[PDB]
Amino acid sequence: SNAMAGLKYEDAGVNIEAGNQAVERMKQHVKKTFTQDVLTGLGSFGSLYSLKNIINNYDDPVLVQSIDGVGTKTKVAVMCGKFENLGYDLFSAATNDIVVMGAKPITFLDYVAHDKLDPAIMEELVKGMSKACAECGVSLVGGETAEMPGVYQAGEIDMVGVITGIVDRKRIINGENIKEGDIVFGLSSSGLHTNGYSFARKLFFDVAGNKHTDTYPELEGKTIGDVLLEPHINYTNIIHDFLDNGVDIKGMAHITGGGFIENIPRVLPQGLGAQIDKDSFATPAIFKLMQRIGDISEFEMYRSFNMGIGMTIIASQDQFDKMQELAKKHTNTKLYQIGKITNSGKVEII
């Protein structure tokens, strides 16, 4: 009775076999992200989030949400066989986009799709996401996977994350008070973050013919693979620490694709510009290396890459005092003073 036809097909969301050490390990990573506000939910990784505590404070609590993917960095992780940071990359890629609003991130969900994927690799992705969540008080409340060989090319993966945060309406940061003479501050990046990896991968491994274990003069022993796979920094805690301690941040911009010129204008009031002193901050070795190998102009590098600044903060000069002191405990990034606001209407790098 109840025969099967012997045809080849499967649900996209098929789960990983029962008993695989991976699923329990993943649940253990996920549960470390929970605050006291988390309730049981639906499915293997589903939870709910009680709002009672977080909103007690706000007269008009506002929900702030954003969804983002990792992008082509996945291909480098796969080539190197190192996924330890890629889950963390995903979290930062989504979350920094709401941090700029002054929002407090509270929940995260993720989707990972592929043709085939070793459960061991998934456990590593989840470990990394959960590490990023746990460190800044975000609860990972759900996730999904899809295995679709007729959609994904062999060995390829797409990862998407959705962050949700809360801000009091009157405390939304959107740059409206920015004025000429305000200062541009920058927090260092760890390298490319999650932009530019198609170029990086092809430059080193298809054009130059390197292996990921190779090094170069600029890297002083560190491998190309390791330098490329450094995680996109999670700026949640440092920004929270600044805001919690009364730093008057007037605007922020997360430096992703298209460098300072693409990203800073969003936050500038109409008619205002910015001037960035490129020599005021360190350019990570990986950028210096790519520029040299490729015979790429300064102009074009700054057009495309973050060049060492992953987040910008606009505030009056006298806020540097408090920021510098507060930044010391945050050892994953470095605070610089990098520029100033002008009445040019343009972002200029000098």
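We number the residues from 1 along the sequence you see.
S.K.: Mean C-alpha B-factor higher for 161-169, or for 80-88?
M.R.: So the stretch with the higher mean C-alpha B-factor is 80-88.
S.K.: Out of 55-63 and 285-293, which one has CA B-factors that are higher on average in the deposited record?
M.R.: Between 285-293 and 55-63, it is 55-63 that shows the higher mean C-alpha B-factor.
S.K.: Which is it among 130, 237, 107, 174: the one with the largest CA B-factor in the entry?
M.R.: Of the options given, 174 has the highest CA B-factor in the PDB entry.
S.K.: Per the PDB entry, which option out of 186, 102, 225, 209 has the greatest Cα B factor?
M.R.: Going by the entry's C-alpha B-factors, 209 comes out highest.
S.K.: Lowest, middle or highest third of the chain for the C-alpha temperature factor of residue 204?
M.R.: Highest third of the chain for residue 204's C-alpha B-factor.
S.K.: Sorting the chain's CA B-factors, does residue 279 end up in the lowest, middle or highest third?
M.R.: Highest third.
S.K.: Hey, what third does residue 245 fall into on Cα B-factor, ranked over its chain?
M.R.: It falls in the middle third of the chain.
S.K.: Consider only the C-alpha atoms of the modelled residues in this chain, order them by B-factor as the entry records it, and name the third containing residue 327: lowest, middle or highest.
M.R.: Tercile = middle for this residue's CA B-factor.
S.K.: Sort the modelled residues of this chain by their C-alpha B factor and say whether residue 23 lands in the lowest, middle or highest third.
M.R.: For residue 23, the deposited C-alpha B-factor lands in the highest third.
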